[PDB]
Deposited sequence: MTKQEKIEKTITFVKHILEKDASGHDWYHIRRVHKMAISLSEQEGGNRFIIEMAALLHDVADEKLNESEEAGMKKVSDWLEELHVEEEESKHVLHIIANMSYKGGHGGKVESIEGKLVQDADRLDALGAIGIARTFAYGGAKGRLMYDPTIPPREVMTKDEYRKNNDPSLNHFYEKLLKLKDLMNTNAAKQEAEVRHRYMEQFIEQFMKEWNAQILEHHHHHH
């Protein structure tokens, strides 16, 4: 059955992430996948495709060299046997990474906003060696600026409704956060 495939595929990614990078990028893959589910079950679209897609968009991305991963995913959907009628659609949106696709994309972009985002940011900021905030460098290179820079404007690129909904809630939190963050910056 399909679930047995969507299952073994969960092993396919979980593994390939070990022969290199890190089996830590999985928690991201899943978060998007579980999210693509909840999104479909409120917007429609072919689940299996949505799932199989969200689960392999990353394997084609540090995979190798350009569209070299496509055939990497291509020849895989084969081993798992998937009528070209569907596969052609699965490994399709995996390129632009269609209601099915539209949802996967809403499930991936959503995974940038919210608490996690805030953290992902200052975190990436720490590694990259930068401050968190600086009144000498207003928004348009500190970590707090990145929010206005290319994050708060992500809730406007959501496609389906469920995604847009969640996005507004997530987006709102980053707003209120930077609101609580600032008052503290000035000891309020």
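Which deposited-sequence positions, grouped into ranges, are missing C-alpha coordinates?
Several regions go unmodelled: 1, 63-64, 101-111, 155-166, 215-223.
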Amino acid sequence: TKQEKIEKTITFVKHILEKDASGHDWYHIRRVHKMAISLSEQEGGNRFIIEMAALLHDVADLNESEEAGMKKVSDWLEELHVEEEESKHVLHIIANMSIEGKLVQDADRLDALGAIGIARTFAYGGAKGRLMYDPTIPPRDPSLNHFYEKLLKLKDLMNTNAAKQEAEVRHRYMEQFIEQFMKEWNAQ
From here on, numbers count along this sequence of modelled residues.
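Got a sec? Mean C-alpha B-factor, which is higher, 15-23 or 164-172?
The entry gives the higher C-alpha B-factor average to 15-23.
Identify the stretch, either 115-123 or 34-42, whose C-alpha atoms have the larger mean B-factor according to the entry.
Per the PDB record, 34-42.
Name the third of the chain's ranked CA B-factors that contains residue 102, choosing lowest, middle or highest.
Tercile = middle for this residue's CA B-factor.
For the chain shown, is the CA B-factor of residue 61 in the lowest, middle or highest third of its modelled residues?
Its C-alpha B-factor, which the entry lists for residue 61, ranks in the middle third among residues of this chain.
Splitting the chain's C-alpha B-factors into thirds, which one does residue 47 fall into?
Residue 47: CA B-factor falls in the lowest third of its chain.
For the chain shown, is the CA B-factor of residue 53 in the lowest, middle or highest third of its modelled residues?
For residue 53, whose C-alpha B-factor we compare with every modelled residue in the chain, the answer is the lowest third.
Would you check the entry's CA temperature factor for residue 153 and let me know if it's in the chain's lowest, middle or highest third?
For residue 153, the deposited C-alpha B-factor lands in the highest third.
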